[PDB]
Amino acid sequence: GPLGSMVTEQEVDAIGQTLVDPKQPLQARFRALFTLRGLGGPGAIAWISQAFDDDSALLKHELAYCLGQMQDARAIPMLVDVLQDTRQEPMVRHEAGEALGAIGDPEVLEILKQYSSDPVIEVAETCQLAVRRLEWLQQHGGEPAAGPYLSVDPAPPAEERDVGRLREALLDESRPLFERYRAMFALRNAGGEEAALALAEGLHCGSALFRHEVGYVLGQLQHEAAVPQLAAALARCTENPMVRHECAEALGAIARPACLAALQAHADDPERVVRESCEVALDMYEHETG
């Protein structure tokens, strides 16, 4: 009947209040955020957009990730404002640039080309990738065929199916970043232990953006052969906090007892982004058990 779209907007505003309340536990605000991401619409976009006020770089970058995945052009102005806001952490600005790419609307090409020259290397790289993704979409007439993951990725998977040839492409520092990302998503889609370990070798090369992406796709693939390397990266205090956070999230997704021990080990880490990732990951495991 017609009460459906009243009930949903009530639930949206309620969840929204939970998200923007800085006194709610972080795991509760993540839960609100991902529910809004699923529900979608203008109310949802506004409440997510309102949370960019927050102190947590972890939370703010998830906001931007969610707006990207929502693929709703209504988010574009807010994501531009985040991308341009030089006071935002690199991780946050990177995520807003990627999100502009994910929405796939060419209206944003000119800004993405501009920010391909941003002084913050994560941002520059992210926007280079997003310009190539927009160019790909334009040449192919839309998103690639749906693969095994429902995510909207920063690059379409490479056509090559041989894992060994994909590994070579991934680890080649002379190839363009976009081509390397394509081989990375093809590895993830190939699956199995050989591809998991080939991916995990990428935790020792490229830029910090590249390594973080490796972390994310290892968390999506969820293959346990990668745990030791994900836990070792998490443990490396010299590693970039954005990479260590992504590794922690991956460990969170896999959620095997050994992942859970590594996350507890780092729950008092000095890097706020790393502590909060471990918190949220452990809290989700506790929820599930309950």
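Heads up: residue numbers just count along the shown sequence, starting at 1.
Stretches 212-220 and 83-91 differ in mean C-alpha B factor, with the higher average recorded for 83-91. Taking the PDB entry as given, 45-53 carries the higher mean Cα B factor of the two stretches 45-53 and 245-253. Between the residues 152, 108, 123, 198, it is 108 that shows the highest Cα B-factor in the PDB record.
In the PDB entry, the Cα temperature factor peaks, among 186, 100, 205, 131, at 205. In this PDB entry, residue 27 carries a Cα temperature factor that places it within the highest third of its chain's modelled residues. Per the PDB record, residue ranking by Cα B-factor puts residue 167 in the middle third of the chain. Sorting the modelled residues of the chain by their CA temperature factor places residue 156 in the lowest third.
Per the PDB record, residue ranking by Cα B-factor puts residue 180 in the lowest third of the chain. The PDB entry assigns residue 281 a C-alpha temperature factor belonging to the middle third of its chain's modelled residues.
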